[PDB]
């Protein structure tokens, strides 16, 4: 299946664009494949999910019907060769919509070692 994604201001990291594109297409396999073997997805509020297999199972049930809408981002390369990425935008679900900051850390080979979402909103929690 062919997938589409809106390009994200300040980001040309291909792993990051693919992460968003796959997610909005339902290809949770391709999304989880972007993680390294021991890569960790922390979603909002729930505990960390490890490895492509568990990650892709998590997405299959929970991440259906969410549309990620990243507007902008920044990427910096640390001393150890890892890449740190911040991306801001909106999530839209079938109930309501929120503002979101997505955090990624990629290895020397651009596999997602970990990613963490935080909502942009103050003690309504």
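Numbering follows the first chain given and starts at 1.
Quiz item: Comparing 82-90 with 59-67, which stretch shows the greater average C-alpha B-factor in the deposited entry?
Solution: The recorded data point to 59-67.
Quiz prompt | CA B-factor ranking of residue 47, expressed as a third of its chain | solution = Highest third, going by the recorded CA B-factors of the chain.
Quiz prompt | Position of residue 5 among the chain's modelled residues by C-alpha B-factor, lowest, middle or highest third | solution = Top third by C-alpha B-factor.
Practice problem: Would you mind ranking residue 75 by its C-alpha B-factor against the rest of the chain and naming the third, lowest, middle or highest? | Solution: CA B-factor rank for residue 75: lowest third.
Quiz item: Which third of the chain does residue 37 land in by C-alpha B-factor: lowest, middle or highest?
Solution: Its C-alpha B-factor belongs to the highest third of this chain's values.
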